[PDB]
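Have a look below at one chain only, the form deposited in one PDB entry, in structure tokens format.
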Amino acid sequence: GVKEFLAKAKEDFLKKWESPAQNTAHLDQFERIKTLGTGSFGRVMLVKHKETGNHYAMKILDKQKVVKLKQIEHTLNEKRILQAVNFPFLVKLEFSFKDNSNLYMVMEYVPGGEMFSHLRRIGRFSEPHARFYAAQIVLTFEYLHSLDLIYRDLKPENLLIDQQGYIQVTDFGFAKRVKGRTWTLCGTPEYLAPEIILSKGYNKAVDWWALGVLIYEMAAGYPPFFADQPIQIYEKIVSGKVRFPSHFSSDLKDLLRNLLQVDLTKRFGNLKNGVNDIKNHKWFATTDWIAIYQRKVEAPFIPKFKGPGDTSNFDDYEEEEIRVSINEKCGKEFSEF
């Protein structure tokens, strides 16, 4: 079943992890169309592959900025891990390459937009709607964690809706293959586990805390800890007191109390029964986990789609020239990319 699947999945992952694909396209092979999104580190553009006419989403990282923001090892992690993984709810990396100035990761284009934009516009998701997305994240973390991968940036901005209404996780920028503790201060403020904020060594349990934040935000329409500035948010997270909307079901509150749990001996996901504490929780009782994996469940909604290269489900961004210096930057640092 899942055991045999995960075993084969690890065999497949390790082969790619040990022999990563490198230099599999070139910038001139793509027509750049429009910026789909930006973050702290990269710009992602809709591009069209000239030879096939396929559309893709191309993440562009300026090498010099990666260095200034101390993201060199993280960016090498990002590409090495994304090229090696394979799961129904993980975005596919199709090509990667670099030039004098930039690093490029060419992904499948997920046209339905960020979960973030739908969530903010609609206000909040009903519990069955939130549950459908949450189940996909549960299965995805089960897969990533079985490969010794921590994800470390779960948030609606990093979750895309595909044409069938299912989730595609993007942004593997903080993904790391690690068997023991790790210590890097990274993530997004609203989603950080208390042990990250308090500079403890931490583990994959921080992804399960972040799932608690995600489910809360999806079902409430706002995060469980919010403020005007990150320092204020961190105070609230470490305080740890959560209040729930009146409309939250008893089962949802119980699940969230077990995910947004400061005590690592008690946090679901982290215990002897592993992910099954979550899968068998009452809030998920109606969830058919195999049907979700097989993408046979009818999705809560289907994004509007007007054409292959339509970007209506994404906000507009100021466009910035892709400049390529006549001199190689940071050659040694990104040799393996």
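For the two forms, the rigid core is made up of the largest set of C-alpha atoms that agree within 1.5 Å on superposition. So that there is no doubt, residue numbering starts at 1 and follows the sequence shown.
The discussion below concerns the form deposited in another entry, not included here.
> Let me spell it out: fit the two forms on their rigid core, measure each listed C-alpha, and pick the one of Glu157, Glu108, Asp99, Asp162 that moves 2 Å or more between the shown form and the other one. Which is it?
Spelled out, the residue whose C-alpha shifts by 2 Å or more is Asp99.
> Superposing on the rigid core, do we see a C-alpha displacement of 2 Å or more at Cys186 between the shown form and the other one?
Shift at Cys186: below 2 Å after core fit.
> By the 2 angstroms cut-off, has the C-alpha of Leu36 moved between the shown form and the other one once the rigid core is superposed?
Yes; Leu36 is a residue whose C-alpha shifts (by 2 Å or more) between the shown form and the other one when the cores are overlaid.
> Quick one: core overlaid, is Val67 moving 2 Å or more at the Cα between the shown form and the other one?
Indeed, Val67 is displaced by 2 Å or more.
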